[PDB]
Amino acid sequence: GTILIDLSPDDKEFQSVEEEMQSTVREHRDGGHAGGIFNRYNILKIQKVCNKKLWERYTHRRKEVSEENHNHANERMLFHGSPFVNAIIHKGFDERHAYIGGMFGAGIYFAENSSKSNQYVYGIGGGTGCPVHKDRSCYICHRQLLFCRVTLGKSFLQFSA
């Protein structure tokens, strides 16, 4: 059901997604251990993910949340990095994509900082790094992140380190 449409680097949509990626890089407290050492990315491709069944599933749930929260979905665009990115784009997010040991319990995690999601592309803690070189700081191998539409509704605010 999923088709991927390549965006041109000339398209304003490509450019606005690239800018969110690059401008939300930060330094991490692990000194680069999980995600590598970098201040910016080389963007190679941006594709739009189109799947009508998955979209209608999302909009159905969004309307439910919206009606439970004074007609406010509280929708955000957020990053997600995962070894399961191929499953997610074809079958949607589900319980198999949860961070069982995350600090806010077993759910599906998203970040405003692209560099935070980058830490999970090869697994929790960066896993063993890229499959080819076993390097969490590989500058050669191609990585993939999702930029996702997320319905927060009424969100429980946890102050935390």
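When you see a residue number, it is the position in the sequence shown, counting from 1. Rigid core (definition): largest C-alpha set, two forms, superposition within 1.5 Å.
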Between stretches 27 to 35 and 90 to 98, more displaced by Cα RMS in 9 other deposited structures of this protein (rigid core superposition): 90 to 98
Taking RMS over all structures and residues, which stretch has CA atoms farther from the shown form in 9 other deposited structures of this protein, 60 to 68 or 99 to 107, after a rigid core fit? 99 to 107
Could you check which stretch, 107 to 115 or 54 to 62, carries the larger mean CA temperature factor in the entry? 54 to 62
Of 63 to 71 and 95 to 103, which one has the bigger average CA B-factor? 95 to 103
Considering only modelled residues of the same chain, in which third does the CA B-factor of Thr2 rank: lowest, middle or highest? middle
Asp10: CA B-factor among chain residues, third -> highest
So where's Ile140 on the chain's Cα temperature factor ranking, which third? highest
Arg40 - which third its CA temperature factor falls in, relative to the rest of the chain: middle
Sorting the chain's modelled residues by C-alpha B-factor and splitting them into thirds places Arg26 in the lowest
